[PDB]
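Visitor: input-v2.cif is reproduced below (mmCIF, C-alpha atoms; chains and numbers go by the auth columns).
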```
data_upload
loop_
_atom_site.group_PDB
_atom_site.id
_atom_site.type_symbol
_atom_site.label_atom_id
_atom_site.label_comp_id
_atom_site.label_asym_id
_atom_site.label_seq_id
_atom_site.Cartn_x
_atom_site.Cartn_y
_atom_site.Cartn_z
_atom_site.B_iso_or_equiv
_atom_site.auth_seq_id
_atom_site.auth_asym_id
ATOM 1 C CA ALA A 1 -8.333 -244.284 -11.215 0.00 1 A
ATOM 2 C CA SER A 2 -7.116 -243.927 -7.638 0.00 2 A
ATOM 3 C CA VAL A 3 -6.316 -240.552 -6.090 0.00 3 A
ATOM 4 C CA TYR A 4 -2.603 -241.346 -5.592 0.00 4 A
ATOM 5 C CA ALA A 5 -2.270 -242.624 -9.197 0.00 5 A
ATOM 6 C CA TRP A 6 -4.687 -240.283 -10.994 0.00 6 A
ATOM 7 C CA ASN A 7 -4.938 -240.736 -14.756 0.00 7 A
ATOM 8 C CA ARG A 8 -4.120 -237.540 -16.659 0.00 8 A
ATOM 9 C CA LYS A 9 -6.111 -237.365 -19.900 0.00 9 A
ATOM 10 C CA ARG A 10 -4.991 -234.682 -22.349 0.00 10 A
ATOM 11 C CA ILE A 11 -7.589 -232.996 -24.572 0.00 11 A
ATOM 12 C CA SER A 12 -6.215 -231.254 -27.673 0.00 12 A
ATOM 13 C CA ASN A 13 -6.738 -230.992 -31.462 0.00 13 A
ATOM 14 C CA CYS A 14 -10.525 -230.876 -31.113 0.00 14 A
ATOM 15 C CA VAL A 15 -13.402 -228.488 -30.488 0.00 15 A
ATOM 16 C CA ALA A 16 -15.035 -228.733 -27.058 0.00 16 A
ATOM 17 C CA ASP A 17 -18.768 -228.021 -26.785 0.00 17 A
ATOM 18 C CA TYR A 18 -18.946 -227.048 -23.104 0.00 18 A
ATOM 19 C CA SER A 19 -22.688 -226.275 -23.440 0.00 19 A
ATOM 20 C CA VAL A 20 -23.699 -229.962 -23.311 0.00 20 A
ATOM 21 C CA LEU A 21 -21.546 -230.654 -20.234 0.00 21 A
ATOM 22 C CA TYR A 22 -22.628 -227.402 -18.550 0.00 22 A
ATOM 23 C CA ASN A 23 -26.337 -228.110 -19.121 0.00 23 A
ATOM 24 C CA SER A 24 -26.127 -231.633 -17.671 0.00 24 A
ATOM 25 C CA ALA A 25 -27.696 -231.566 -14.207 0.00 25 A
ATOM 26 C CA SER A 26 -26.185 -234.804 -12.861 0.00 26 A
ATOM 27 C CA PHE A 27 -22.934 -233.060 -11.844 0.00 27 A
ATOM 28 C CA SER A 28 -23.591 -232.103 -8.220 0.00 28 A
ATOM 29 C CA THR A 29 -20.553 -229.773 -8.076 0.00 29 A
ATOM 30 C CA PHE A 30 -19.482 -227.649 -11.068 0.00 30 A
ATOM 31 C CA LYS A 31 -17.071 -225.070 -9.625 0.00 31 A
ATOM 32 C CA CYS A 32 -14.474 -223.044 -11.528 0.00 32 A
ATOM 33 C CA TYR A 33 -11.585 -221.204 -9.899 0.00 33 A
ATOM 34 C CA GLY A 34 -9.710 -219.314 -12.622 0.00 34 A
ATOM 35 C CA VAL A 35 -12.105 -218.736 -15.537 0.00 35 A
ATOM 36 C CA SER A 36 -15.787 -218.030 -16.155 0.00 36 A
ATOM 37 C CA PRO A 37 -18.256 -220.847 -16.994 0.00 37 A
ATOM 38 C CA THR A 38 -20.308 -218.535 -19.245 0.00 38 A
ATOM 39 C CA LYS A 39 -17.159 -217.679 -21.261 0.00 39 A
ATOM 40 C CA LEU A 40 -15.851 -221.239 -21.825 0.00 40 A
ATOM 41 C CA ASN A 41 -17.450 -221.466 -25.289 0.00 41 A
ATOM 42 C CA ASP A 42 -15.580 -218.393 -26.606 0.00 42 A
ATOM 43 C CA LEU A 43 -12.103 -218.443 -25.022 0.00 43 A
ATOM 44 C CA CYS A 44 -9.309 -220.564 -26.494 0.00 44 A
ATOM 45 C CA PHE A 45 -6.656 -222.656 -24.731 0.00 45 A
ATOM 46 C CA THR A 46 -3.610 -224.616 -25.893 0.00 46 A
ATOM 47 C CA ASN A 47 -4.671 -227.905 -24.264 0.00 47 A
ATOM 48 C CA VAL A 48 -6.840 -229.375 -21.506 0.00 48 A
ATOM 49 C CA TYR A 49 -5.567 -231.780 -18.832 0.00 49 A
ATOM 50 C CA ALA A 50 -8.145 -233.952 -17.051 0.00 50 A
ATOM 51 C CA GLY B 1 -16.371 -212.235 10.114 0.00 1 B
ATOM 52 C CA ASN B 2 -17.618 -208.909 8.746 0.00 2 B
ATOM 53 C CA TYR B 3 -20.146 -210.061 6.140 0.00 3 B
ATOM 54 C CA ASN B 4 -22.155 -206.810 6.085 0.00 4 B
ATOM 55 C CA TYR B 5 -20.535 -205.628 2.834 0.00 5 B
ATOM 56 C CA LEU B 6 -21.737 -207.430 -0.294 0.00 6 B
ATOM 57 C CA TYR B 7 -20.886 -207.229 -3.989 0.00 7 B
ATOM 58 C CA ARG B 8 -22.678 -208.174 -7.212 0.00 8 B
ATOM 59 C CA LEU B 9 -20.814 -211.317 -8.256 0.00 9 B
ATOM 60 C CA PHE B 10 -23.256 -212.421 -10.975 0.00 10 B
ATOM 61 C CA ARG B 11 -25.190 -210.307 -13.465 0.00 11 B
ATOM 62 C CA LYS B 12 -26.502 -210.814 -16.987 0.00 12 B
ATOM 63 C CA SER B 13 -24.805 -207.691 -18.404 0.00 13 B
ATOM 64 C CA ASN B 14 -22.104 -205.154 -17.634 0.00 14 B
ATOM 65 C CA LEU B 15 -23.224 -201.843 -16.174 0.00 15 B
ATOM 66 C CA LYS B 16 -23.345 -198.490 -17.922 0.00 16 B
ATOM 67 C CA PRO B 17 -21.322 -195.631 -16.354 0.00 17 B
ATOM 68 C CA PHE B 18 -23.013 -194.194 -13.231 0.00 18 B
ATOM 69 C CA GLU B 19 -25.591 -196.990 -13.024 0.00 19 B
ATOM 70 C CA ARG B 20 -26.636 -198.573 -9.722 0.00 20 B
ATOM 71 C CA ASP B 21 -28.240 -202.020 -9.406 0.00 21 B
ATOM 72 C CA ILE B 22 -30.398 -202.456 -6.290 0.00 22 B
ATOM 73 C CA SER B 23 -32.769 -205.221 -7.436 0.00 23 B
ATOM 74 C CA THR B 24 -32.438 -208.338 -5.258 0.00 24 B
ATOM 75 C CA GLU B 25 -33.594 -210.823 -7.883 0.00 25 B
ATOM 76 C CA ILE B 26 -32.364 -214.377 -8.404 0.00 26 B
ATOM 77 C CA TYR B 27 -29.795 -215.190 -11.092 0.00 27 B
ATOM 78 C CA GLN B 28 -30.186 -218.082 -13.535 0.00 28 B
ATOM 79 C CA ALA B 29 -26.773 -219.725 -13.928 0.00 29 B
ATOM 80 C CA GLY B 30 -27.856 -222.474 -16.339 0.00 30 B
ATOM 81 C CA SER B 31 -30.412 -223.555 -18.933 0.00 31 B
ATOM 82 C CA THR B 32 -32.742 -224.712 -16.137 0.00 32 B
ATOM 83 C CA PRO B 33 -35.086 -221.863 -15.096 0.00 33 B
ATOM 84 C CA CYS B 34 -35.099 -220.791 -11.455 0.00 34 B
ATOM 85 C CA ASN B 35 -38.535 -219.054 -11.258 0.00 35 B
ATOM 86 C CA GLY B 36 -37.480 -216.900 -8.311 0.00 36 B
ATOM 87 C CA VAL B 37 -36.632 -219.851 -6.032 0.00 37 B
ATOM 88 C CA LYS B 38 -33.094 -220.971 -5.174 0.00 38 B
ATOM 89 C CA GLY B 39 -31.880 -224.361 -6.338 0.00 39 B
ATOM 90 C CA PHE B 40 -29.494 -226.173 -8.663 0.00 40 B
ATOM 91 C CA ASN B 41 -27.675 -223.729 -10.997 0.00 41 B
ATOM 92 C CA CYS B 42 -29.490 -220.868 -9.220 0.00 42 B
ATOM 93 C CA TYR B 43 -26.895 -218.756 -7.401 0.00 43 B
ATOM 94 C CA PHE B 44 -27.639 -215.481 -5.638 0.00 44 B
ATOM 95 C CA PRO B 45 -26.014 -212.459 -7.361 0.00 45 B
ATOM 96 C CA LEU B 46 -24.865 -210.888 -4.077 0.00 46 B
ATOM 97 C CA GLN B 47 -22.161 -212.545 -1.973 0.00 47 B
ATOM 98 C CA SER B 48 -20.464 -211.402 1.223 0.00 48 B
ATOM 99 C CA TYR B 49 -16.766 -210.810 1.819 0.00 49 B
ATOM 100 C CA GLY B 50 -15.041 -212.951 4.425 0.00 50 B
#
```
Just give me the structure as structure tokens.

Guide:
Amino acid sequence: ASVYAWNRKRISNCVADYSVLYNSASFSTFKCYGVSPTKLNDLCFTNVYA
Amino acid sequence: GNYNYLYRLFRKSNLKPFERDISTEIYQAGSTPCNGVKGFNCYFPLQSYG
């Protein structure tokens, strides 16, 4: 989508395997600002908005 | 910019009481090994305050 009309995709009612996404090397910028990347696979959250 | 003071942002384990870490070795942030050379998913443990 465009930046002024960004599509918000909601992730819920599923298990997220962040290991596969974190081990993919094609993402040139993988920066987190409020949590820890090494703790994503243990912590729990109500929902994810993309 | 006083960058002379640095802190250990990344480490593989929490420290025991009265334990000092002075080893300036590279940190492996992902599944890809670093082999002592900086690169993708290879971030230095020590960062400077701005």

Visitor: Enumerate as a VMD selection string the residues belonging to chain A that approach chain B to within 10 Å, with all atoms listed in the file taken into account.

Guide: chain A and resid 19 22 to 25 28 to 30 37 to 38

Visitor: Just to confirm, what's the straight-line distance from atom CA of residue A:18 to atom CA of residue B:10 in Å (one decimal)?

Guide: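 We find that atom CA of residue A:18 and atom CA of residue B:10 lie 19.5 Å from each other.
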
Visitor: Do you know which residues the PyMOL selection byres ((chain A and resi 17) around 12) returns on this file, as a PyMOL selection string?

Guide: chain A and resi 14-16+18-23+39-43

Visitor: What is the atom CA of residue B:13 to atom CA of residue B:50 distance in Å?

Guide: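 Computing it gives 25.4 Å between the two atoms.
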
Visitor: Which residues are near residue A:47? Cut-off 12 Å, only C-alpha atoms, ignore same chain within fewer than 3 positions. Put them as a VMD selection string.

Guide: chain A and resid 9 to 16 44 50

Visitor: Just say which residues the PyMOL selection byres ((chain B and resi 8) around 12) picks in this file, as a count of residues only.

Guide: 25

Visitor: For stretch 24-46 of chain A, where the input has fewer atoms than it should, I would like N, CA and C atoms rebuilt and written as a short mmCIF file (atom, residue, chain, number, x, y, z; two decimals), keeping the file's coordinate frame.

Guide:
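File part.cif, as written:
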```cif
data_model
loop_
_atom_site.label_atom_id
_atom_site.label_comp_id
_atom_site.auth_asym_id
_atom_site.auth_seq_id
_atom_site.Cartn_x
_atom_site.Cartn_y
_atom_site.Cartn_z
N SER A 24 -25.82 -230.38 -18.34
CA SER A 24 -26.13 -231.63 -17.67
C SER A 24 -26.25 -231.39 -16.17
N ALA A 25 -27.36 -231.85 -15.59
CA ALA A 25 -27.70 -231.57 -14.21
C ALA A 25 -27.27 -232.66 -13.25
N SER A 26 -26.61 -233.72 -13.73
CA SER A 26 -26.18 -234.80 -12.86
C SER A 26 -24.88 -234.50 -12.13
N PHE A 27 -24.16 -233.46 -12.53
CA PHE A 27 -22.93 -233.06 -11.84
C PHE A 27 -23.31 -232.21 -10.64
N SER A 28 -23.15 -232.78 -9.44
CA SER A 28 -23.59 -232.10 -8.22
C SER A 28 -22.69 -230.94 -7.83
N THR A 29 -21.48 -230.86 -8.38
CA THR A 29 -20.55 -229.77 -8.08
C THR A 29 -19.83 -229.39 -9.36
N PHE A 30 -20.10 -228.18 -9.85
CA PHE A 30 -19.48 -227.65 -11.07
C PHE A 30 -18.93 -226.28 -10.67
N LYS A 31 -17.70 -226.27 -10.14
CA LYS A 31 -17.07 -225.07 -9.62
C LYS A 31 -15.81 -224.76 -10.41
N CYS A 32 -15.67 -223.52 -10.84
CA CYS A 32 -14.47 -223.04 -11.53
C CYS A 32 -13.75 -222.01 -10.67
N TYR A 33 -12.43 -222.00 -10.78
CA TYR A 33 -11.58 -221.20 -9.90
C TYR A 33 -10.72 -220.17 -10.61
N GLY A 34 -10.58 -220.25 -11.93
CA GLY A 34 -9.71 -219.31 -12.62
C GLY A 34 -10.32 -218.67 -13.85
N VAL A 35 -11.44 -219.21 -14.33
CA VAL A 35 -12.10 -218.74 -15.54
C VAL A 35 -13.59 -218.59 -15.24
N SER A 36 -14.35 -218.23 -16.27
CA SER A 36 -15.79 -218.03 -16.16
C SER A 36 -16.53 -219.11 -16.92
N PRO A 37 -17.48 -219.81 -16.28
CA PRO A 37 -18.26 -220.85 -16.99
C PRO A 37 -19.04 -220.34 -18.19
N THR A 38 -19.57 -219.11 -18.13
CA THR A 38 -20.31 -218.54 -19.24
C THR A 38 -19.42 -218.07 -20.39
N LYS A 39 -18.09 -218.10 -20.23
CA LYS A 39 -17.16 -217.68 -21.26
C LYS A 39 -16.35 -218.83 -21.83
N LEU A 40 -16.61 -220.07 -21.38
CA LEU A 40 -15.85 -221.24 -21.82
C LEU A 40 -16.00 -221.49 -23.32
N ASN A 41 -17.16 -221.17 -23.89
CA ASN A 41 -17.45 -221.47 -25.29
C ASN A 41 -16.89 -220.43 -26.26
N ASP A 42 -16.20 -219.41 -25.76
CA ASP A 42 -15.58 -218.39 -26.61
C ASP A 42 -14.07 -218.35 -26.47
N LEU A 43 -13.54 -218.47 -25.25
CA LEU A 43 -12.10 -218.44 -25.02
C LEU A 43 -11.42 -219.67 -25.63
N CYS A 44 -10.13 -219.52 -25.89
CA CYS A 44 -9.31 -220.56 -26.49
C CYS A 44 -8.14 -220.90 -25.58
N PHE A 45 -7.75 -222.17 -25.57
CA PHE A 45 -6.66 -222.66 -24.73
C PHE A 45 -5.82 -223.64 -25.53
N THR A 46 -4.53 -223.74 -25.17
CA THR A 46 -3.61 -224.62 -25.89
C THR A 46 -3.99 -226.09 -25.75
#
```
